[PDB]
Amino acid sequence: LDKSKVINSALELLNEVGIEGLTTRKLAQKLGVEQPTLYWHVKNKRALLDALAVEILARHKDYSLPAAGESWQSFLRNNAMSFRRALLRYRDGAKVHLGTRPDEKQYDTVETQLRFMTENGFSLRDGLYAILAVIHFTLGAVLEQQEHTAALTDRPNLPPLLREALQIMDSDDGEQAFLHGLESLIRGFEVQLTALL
């Protein structure tokens, strides 16, 4: 009857109806309380969504900080893949994350990641841009995957390249395509960092 139990109902509802159907009204029903009483703990849908994003990563993003000795390349790769896996746990998990900014509970992690970059030859700006590029790529890759599978519920002799392309994409959940683009980002950051020197 608090803030934490809103969150655990709201995760269940999200999986059931998705982000669109996750309303203040519907969550109150599922909890069996009035709408203003959810407010004491989860103000509105934005605050609720913000809380859900944080909880999803807290539970299911099991890599955030570099290990002793770890390259920034490896740090970026593991962070991106872990974030992807976490977004994929819940339905519309990536939609939930869109437009959120770091929460008070994540500040020390995020700061350590930013510091790490600056310690590995990046300017704060460039270290940040690299991280945001990895985050944006992961968000779009997952949101495309998540939405395409959803859309097959409703949607019903090809050119040789496109036919081959489609077979390649349908081979898995997008993972190999993801890992390729992720490495390309990393390889590009490396070139840029070497360039500057």
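Numbering starts at 1 and runs along the sequence shown.
According to the entry, the deposited sequence places 4 to 9 unmodelled residues between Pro156 and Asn157. Higher average CA B factor: 32 to 40, of the stretches 139 to 147 and 32 to 40.
Looking at 63 to 71 and 129 to 137 together, the entry lists the larger mean B-factor for 63 to 71, computed on C-alpha atoms. Comparing the C-alpha B-factors of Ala51, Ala165, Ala58, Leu152 in the entry, the top value falls on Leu152.
In this PDB entry, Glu183 carries a Cα temperature factor that places it within the lowest third of its chain's modelled residues.
Among the modelled residues of its chain, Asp173 has a C-alpha B-factor that falls in the middle third, as given in the PDB entry.
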